[PDB]
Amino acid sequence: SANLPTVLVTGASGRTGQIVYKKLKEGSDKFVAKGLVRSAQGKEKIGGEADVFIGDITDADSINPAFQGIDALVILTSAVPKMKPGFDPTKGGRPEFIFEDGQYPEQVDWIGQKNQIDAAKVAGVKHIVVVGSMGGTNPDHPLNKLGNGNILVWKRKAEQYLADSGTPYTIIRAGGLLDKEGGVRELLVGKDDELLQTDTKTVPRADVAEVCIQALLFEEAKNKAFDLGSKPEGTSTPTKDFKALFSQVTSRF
């Protein structure tokens, strides 16, 4: 094992996950990519290569092969609520959202992530990175009501479990995600939702992807939990010194 580390990214066909997968592939001088997706559909979306496996994190037997012989894991899975199909705007309600049964945050963001961290640990992973969301400091956050899922709460439960696990970890609580260009913004690190009080509380999905990659390359990123926002493009100088960036972070949770 002068060999480069094998990095498995889960949720690899999701919007952020697909970018991590791409960056892991391009980074063939530093990493060996692997990916886990929920469907043959998702597999083809990211290129159908043989380093992509299909499995469901709520059924732990199915994800086992993906987890074999990995040195690092980037968890990019999430419960995803859908619009309840009954909606009729023209007498003032607001849309209700739901999660399919067995697809609620408790099952996917807590249990699902527990499944992944547990199998990673069985496999002897060296570093687990997880992406979640800002808001977690406030259990009354409106997002928790989405589909009655308590999504932030269950996610933070998995983050806590990860932090308590004994495996070196990086927890990245993203601000509101943007479908905009990465690598073109100064990136900001925060603690305990402080950025929610600022105007720099959103972040390109590409920059979240890049922070995940850099986490893998600096000891400084290990046993760290932090929030991730950004300043807008064209305003200031895009982050390049990640050692500095991660040395700003002291929080373990």
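Sequential numbering from 1, following the sequence displayed.
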Does the comparison with other PDB entries of this protein show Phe87 lacking coordinates in a third or more of them, where both adjacent residues are built? yes
Per the PDB entry, mean CA B-factor is higher for 8-16 or 234-242, namely for 234-242
Averaging CA B factors per stretch from the PDB record, which one is higher: 132-140 or 90-98? 90-98
Looking at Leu196, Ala40, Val211, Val203, which has the biggest Cα B factor in the entry? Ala40
Candidate set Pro168, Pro105, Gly176, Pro81 [ranked by C-alpha B-factor, highest]: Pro81
Against its chain's modelled residues, does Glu219's Cα B factor rank lowest, middle or highest third? highest
When the deposited Cα B-factors of this chain's modelled residues are ordered and cut into thirds, is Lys34 in the lowest, the middle or the highest one? middle
Looking at the C-alpha B-factor of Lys155, is it in the lowest, middle or highest third of its chain? lowest
Splitting the chain's C-alpha B-factors into thirds, which one does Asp71 fall into? lowest
Position of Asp109 among the chain's modelled residues by C-alpha B-factor, lowest, middle or highest third: lowest
